[PDB]
Structures are given as C-alpha cells and as structure tokens.
Enquirer: 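Have a look at the structure that comes next, please.
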Amino acid sequence: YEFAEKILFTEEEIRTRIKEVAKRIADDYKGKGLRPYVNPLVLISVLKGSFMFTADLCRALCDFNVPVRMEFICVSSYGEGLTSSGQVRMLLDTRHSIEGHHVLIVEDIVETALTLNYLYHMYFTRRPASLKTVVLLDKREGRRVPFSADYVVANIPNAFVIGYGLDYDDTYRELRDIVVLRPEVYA
Amino acid sequence: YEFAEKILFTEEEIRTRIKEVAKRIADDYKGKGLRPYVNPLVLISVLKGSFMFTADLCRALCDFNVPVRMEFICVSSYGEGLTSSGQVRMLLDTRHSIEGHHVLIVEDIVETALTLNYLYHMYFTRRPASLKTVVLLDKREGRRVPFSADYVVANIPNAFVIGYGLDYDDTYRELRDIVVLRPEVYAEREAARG
Ligand SMILES: O=P(O)(O)OC[C@H]1O[C@H](OP(=O)(O)OP(=O)(O)O)[C@H](O)[C@@H]1O
Ligand SMILES: O=P(O)(O)OC[C@H]1O[C@H](OP(=O)(O)OP(=O)(O)O)[C@H](O)[C@@H]1O
Ligand SMILES: Oc1ncnc2cn[nH]c12
Ligand SMILES: Oc1ncnc2cn[nH]c12
Ligand SMILES: [Mg+2]
Ligand SMILES: [Mg+2]
Ligand SMILES: [Mg+2]
Ligand SMILES: [Mg+2]
C-alpha cells in the first residue's frame with residue numbers, strides 16, 4: 001500500500017462494525033412488521049462508492065433476518081457551480097415506488113452532505129412509511145449544509161480516504177481496507 | 001431457509017471458487033500489463049444481480065494485484081417473473097467510453113443469453129481493446145442464442161436459484177448462500193401477483 005500514508009480500518013474491523021450497525025438497525029425495525037414482497041426494508045444504494053458497503057451490509061441484515069429490497073441509484077452533477085442546494089441529475093432511480101415503505105439510503109461517505117441532503121428530501125417527498133440513512137464513514141466537521149446520518153459505521157477526520165468502495169480518480173475502490181491517500185500521490 | 005428446496009453453494013464455497021477464478025483472471029491478463037490510472041481492467045457490473053459477485057470479485061482481484069475500474073450498468077429482462085421476457089432493456093449504460101480498454105463484463109448468471117448477447121453486440125461495436133465475460137453461474141442448456149463466457153465459476157441445472165445477488169421478484173438477493181427456490185413459494189407469489 002505504498003500510495004497510502006496510513007491504515008484507517010482493516011477488512012476485519014469493518015466487517016465487525018457493519019455487523020454491529022446491522023444488529024442495531026435490526027432491533028430498531030423489530031416492530032415495523034417487515035416482510036418480504038409486501039413490506040421489506042428498502043435499501044437505496046447510492047452508486048458507485050456504496051456498492052461494496054451495501055453488499056456486506058445486506059448480508060449482515062440477512063443474518064438478523066431483516067428482509068430487504070435492493071435499489072441502486074445513479075446521480076450526476078448538473079455542471080460546475082450550478083447548484084447550492086446539492087441538486088443532482090437522476091440517471092437511475094428506484095425500480096419500485098417507496099411510497100408507504102420503510103426506506104434506508106446507503107452511502108459510503110458523507111462530508112458536505114449537499115447531495116445526501118438533497119436525496120433525503122427528494123425521497124422524503126415521496127411519502128415512505130419511514131426514511132433513514134446509513135453511511136459508512138462520516139466526516140462530521142465537513143458539512144456545508146446541516147445533516148445527520150441515522151446510522152454511521154465510523155466518524156473520521158478530514159483525510160482523503162480510499163478503499164472499500166471509496167475512490168480517488170476512480171482508482172482503489174477494490175481495496176478490502178480503508179486507508180488514507182498519501183499527499184505525494186495526490187500531488 | 002424455509003423457502004429453499006436446497007442449498008447449491010454455501011458462502012465458503014462461493015468464496016473459494018471466486019478466489020480460484022480471480023487467480024486465473026490475473027494470470028490471463030498478466031501479459032496486458034494492467035496498471036492503475038492508465039490501464040486498469042474495466043469491470044462492467046450488470047445491476048442488479050451482479051452487485052454482490054462484483055463486490056467480492058474485485059476484492060479477490062485486488063488480492064492478485066489486478067488493478068480495476070468499476071462501471072455499473074443496469075439491464076432488465078426478467079422483471080418480477082421466472083422466465084426471460086425475451087426483451088433486454090438498457091436502464092443505465094457506462095459513464096465512460098470503453099474504446100481502447102480491456103473490459104470484463106461481470107454477471108451473476110447466464111441462461112438464455114439474451115442479456116449477454118445484447119450486451120456483447122452493443123459493446124463490441126465500441127472497439128474495446130478486448131471484451132470478455134465472467135459469470136458466477138451458467139445454466140448451459142438454457143440458451144436461446146449461443147454464448148460462451150470466458151470464465152464460469154459454476155455450471156448449474158435449469159432450476160430457479162436465488163441468493164448472493166440473485167432474485168425472484170426482487171426478493172432473496174441478500175442471502176449469503178445460493179439456494180434453489182421451492183416452486184410452491186414462487187407459485188403462490190405468482191398467483192398473488194397475476
Ligand atoms: O457529502 P459529500 O461531500 O458529497 O461527500 C461524499 C460523496 O462523494 C462520493 O461520491 P462520488 O461523488 O465520488 O461518486 P462515487 O461514489 O461514484 O465515487 C462519495 O461516494 C459520497 O457519495
Ligand atoms: O441469460 P438470460 O436469460 O438473459 O438471464 C440472465 C439475466 O437475467 C437476470 O437479470 P434480471 O433480468 O432478472 O435483472 P436483475 O439482474 O436486475 O435481477 C440475471 O441477473 C441475468 O442478468
Ligand atoms: O475522503 C474522501 N474519500 C473519497 N470520497 C470522498 C468524498 N468526500 N470525501 C472523500
Ligand atoms: O435461476 C435463476 N435465478 C434468478 N435469475 C435468473 C435468470 N435466469 N435464471 C435465473
Ligand atoms: Mg458516492
Ligand atoms: Mg468518488
Ligand atoms: Mg441481471
Ligand atoms: Mg432478476
């Protein structure tokens with residue numbers, strides 16, 4: 001890992017935290033009557049970064065018998081400096097309607113929260129039975145709009161992280177661990 | 001699993017098989033000199049089903065120093081049913097151009113091959129440096145159109161399988177193992193639906 005200046009979390013540490021978060025989520029919905037087909041917990045995976053976190057999380061939720069429905073969404077920037085609001089173009093939205101369902105947006109990392117805040121509100125306006133967010137990493141001090149994730153795997157400082165779905169110029173997403181991109185590489 | 005007739009592959013087995021296939025992919029591409037930033041192997045993950053296989057395969061590829069760049073597309077054909085609609089719908093195509101790059105389509109299962117045939121004929125025209133496919137499961141005797149994947153983790157019978165990303169009406173994709181869905185379970189759902 002010559003391109004990394006430090007290891008944040010190993011695959012093992014990540015695996016354990018997700019399991020804890022999943023047990024937590026499971027307990028939290030224990031009284032919502034989740035059932036496959038008719039009342040599953042809808043996971044809205046925001047591409048591309050959360051693809052790895054989502055794969056491991058849904059399996060951990062499966063361990064606690066929480067029936068889920070996987071949705072993947074693809075968003076795009078409108079252009080540079082065209083929005084304050086965090087508005088994004090929807091290239092791929094949910095396949096089914098979330099109206100009346102329990103929904104959980106899955107993200108890899110939240111910092112400014114501009115896009116996640118915009119997405120939260122958009123889905124909120126579609127009337128799901130409930131709406132919450134689970135983010136793997138949270139750069140709490142990087143906010144540009146106020147926003148709180150309901151479930152978070154780890155809070156971290158303002159370092160550029162890569163690995164476990166997280167990229168730098170679309171490189172390193174495949175690492176099993178989360179590491180800090182060393183400055184000399186970004187330079 | 002009450003809804004399962006039987007387990008085809010456990011998580012451990014799938015894991016074991018994915019490692020061996022990743023090792024082969026590494027050996028086979030060694031001569032291409034794949035490098036991060038300038039020459040990664042482009043992985044085209046076919047959503048939704050391929051999401052899990054893709055997450056575990058890219059890590060296994062990482063173990064063998066194969067640098068990759070992920071592209072996520074979305075294609076639909078079965079919908080809420082058990083059989084091919086006979087039509088393949090492109091919901092989301094690649095963000096970047098595949099022209100001049102080494103591309104590996106990553107799929108969860110191939111049966112009639114209408115999906116992969118559709119994809120190959122679309123991507124081949126874009127002139128990638130090379131185009132290959134890795135499918136987790138292959139129902140070899142279910143073809144409507146011919147198709148031979150470059151890498152196959154396992155050959156299976158024509159029965160409906162779920163788990164490890166594979167669904168029946170967008171249900172069961174989260175299972176850690178791959179299992180055979182009982183016809184009584186899908187039949188009751190089919191009836192409730194139609
Ligand atoms: O709260 P923010 O300041 O927006 O930071 C976090 C977002 O940015 C990254 O996505 P990106 O735009 O990189 O797309 P990607 O997931 O496909 O890499 C990351 O994947 C989060 O979605
Ligand atoms: O060889 P074929 O008969 O074309 O069948 C295989 C395709 O059907 C399934 O996808 P589906 O259309 O169900 O979409 P999904 O991946 O979102 O579940 C499977 O994931 C393959 O993509
Ligand atoms: O450190 C970080 N690593 C990867 N993506 C993002 C987005 N915000 N901050 C990031
Ligand atoms: O067995 C099977 N399970 C899920 N999807 C498909 C498509 N073709 N065959 C399938
Ligand atoms: Mg993202
Ligand atoms: Mg990114
Ligand atoms: Mg598919
Ligand atoms: Mg399907």
Side-chain angles (χ1 to χ4, degrees), chain A residues 44-54 69-70 72-78 83 85-89 91-92 96 105-120 133-149 152 156 158 160-174 178 181, chain B residues 45-53 69-72 74-85 88-89 91-92 94 96 107-112 114-115 137 160-173 181 186:
Chain A
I44 298 184
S45 180
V46 185
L47 299 167
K48 299 199 302 180
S50 64
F51 87 95
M52 201 173 285
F53 174 39
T54 303
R69 160 179 297 167
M70 321 289 306
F72 296 92
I73 65 167
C74 178
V75 305
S76 46
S77 173
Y78 272 105
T83 187
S85 167
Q87 288 153 310
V88 290
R89 164 175 284 125
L91 299 190
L92 182 62
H96 312 96
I105 302 165
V106 187
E107 259 289 39
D108 54 340
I109 192 163
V110 62
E111 182 184 40
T112 73
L114 282 167
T115 302
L116 184 55
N117 175 58
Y118 168 79
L119 291 175
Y120 183 87
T133 68
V134 57
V135 184
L136 191 78
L137 299 176
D138 189 354
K139 282 191 192 179
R140 298 180 61 95
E141 297 160 351
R143 300 283 190 282
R144 294 250 297 98
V145 60
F147 185 86
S148 275
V152 171
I156 55 155
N158 176 252
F160 195 73
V161 291
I162 47 165
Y164 199 73
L166 296 147
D167 72 294
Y168 166 67
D169 199 9
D170 222 5
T171 308
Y172 313 117
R173 300 199 186 268
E174 72 269 25
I178 297 160
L181 185 60
Chain B
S45 182
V46 190
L47 295 170
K48 303 183 178 188
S50 184
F51 87 96
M52 205 175 281
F53 180 35
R69 173 161 70 78
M70 324 289 299
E71 279 278 12
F72 292 91
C74 182
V75 177
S76 184
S77 194
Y78 285 58
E80 327 183 320
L82 300 140
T83 41
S84 179
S85 69
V88 188
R89 267 59 172 66
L91 303 196
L92 177 74
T94 60
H96 315 101
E107 256 289 39
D108 61 342
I109 189 172
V110 57
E111 189 186 333
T112 75
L114 288 188
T115 300
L137 307 175
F160 205 86
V161 300
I162 48 158
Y164 199 75
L166 297 145
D167 75 301
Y168 163 57
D169 197 17
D170 243 317
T171 305
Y172 313 114
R173 301 188 189 278
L181 177 60
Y186 65 65

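For the numbers below, each heavy atom of this structure counts, side chains included, while hydrogens, waters and symmetry mates do not. For ligands, and for the atoms within them, numbers begin at 1 and follow the listed sequence. Letters A, B, ... mirror the listed sequences (proteins, then strands); counts begin at 1.
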Enquirer: Is there at least one pair of N or O atoms, one from A:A113 and one from ligand 1, spaced under 3.5 Å apart?
Expert: yes
Enquirer: What protein heavy atom is closest to atom 7 (C) of ligand 1, reported as residue, atom name and distance in Å?
Expert: A:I109 O, 3.8 Å
Enquirer: Hey, what's the ring geometry for B:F160 with B:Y168, parallel, tilted or perpendicular (30° and 60° as the breaks)?
Expert: perpendicular
Enquirer: Of the side chain and backbone of A:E107, name the one, both, or neither that has a heavy atom under 4.0 Å from an atom of ligand 1.
Expert: side chain
Enquirer: Counting non-hydrogen protein atoms only, what is the nearest one to atom 17 (O) of ligand 1? Give residue, atom name and distance.
Expert: A:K48 N, 2.9 Å
Enquirer: What part of A:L116 sits under 4.0 Å from ligand 1 if we count only heavy atoms: the side chain, the backbone, both or neither?
Expert: neither
Enquirer: A side-chain contact here means heavy atoms from C-beta on lying under 4.5 Å apart; do B:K48 and B:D167 qualify?
Expert: no
Enquirer: Examine the proximity of ligand 1 to A:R173 and report which part, side chain or backbone, both or neither, has a heavy atom under 4.0 Å away.
Expert: side chain
Enquirer: Can a salt bridge be assigned to the pair A:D138 and A:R143 using a cut-off of 4.0 Å between side-chain N and carboxylate O?
Expert: yes
Enquirer: Show, in sequence, the C-alpha distance, side-chain angles and deciding distance for A:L47 and B:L47, and conclude whether the side-chain contact (heavy atoms from CB on, under 4.5 Å) test is met.
Expert: CA-CA 11 Å; A:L47 299 167; B:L47 295 170; 3.8 Å; yes
Enquirer: Return yes if some donor-acceptor pair links the side-chain N/O of A:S50 with the main-chain N/O of A:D108 below 3.5 Å, else return no.
Expert: no
Enquirer: Please examine the side chains of A:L116 and A:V46, heavy atoms only from C-beta on, and report whether any two atoms are closer than 4.5 Å.
Expert: no
Enquirer: In terms of residue, atom name and distance, what is the protein heavy atom nearest to atom 19 (C) of ligand 1?
Expert: A:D108 OD1, 3.2 Å
Enquirer: Return the minimal non-hydrogen interatomic distance between A:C74 and B:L92, and the atom names on each side.
Expert: CB-CD2, 3.7 Å
Enquirer: Is there at least one protein heavy-atom neighbour under 4.0 Å from atom 10 (O) of ligand 1?
Expert: no
Enquirer: Measuring only between side-chain heavy atoms, which start at C-beta, is A:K139 closer than 4.5 Å to A:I156?
Expert: yes
Enquirer: Just to confirm my output: which protein heavy-atom neighbour is closest to atom 16 (O) of ligand 1, and how far is it?
Expert: A:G49 N, 2.9 Å
Enquirer: Looking only at distance, does A:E111 have an N or O less than 3.5 Å from an N or O of ligand 1?
Expert: yes
Enquirer: Check whether any side-chain heavy atom of A:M52 sits under 4.5 Å from a side-chain heavy atom of A:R173, and report yes or no.
Expert: no
Enquirer: Answer yes if the ring centres of A:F51 and B:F72 are under 6.0 angstrom apart, and no otherwise.
Expert: yes
Enquirer: Give me the protein N, O or S atoms that fall under 2.8 Å of the Mg ion (ligand 6), sorted by chain and residue number.
Expert: A:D167 OD1
Enquirer: Quick one: sort the A:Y164 and A:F53 rings into parallel, tilted or perpendicular, breaks at 30° and 60°.
Expert: tilted
Enquirer: Provide, to 0.1 Å, the distance between atom 13 (O) of ligand 1 and the closest protein heavy atom, together with that atom's residue and name.
Expert: A:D167 OD1, 4.1 Å
Enquirer: Return the closest protein heavy atom for atom 2 (P) of ligand 1 as residue, atom name and distance.
Expert: A:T112 OG1, 3.4 Å
Enquirer: What's the spacing between A:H96 NE2 and B:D170 CG if we round to 0.5 Å?
Expert: 4.5 Å
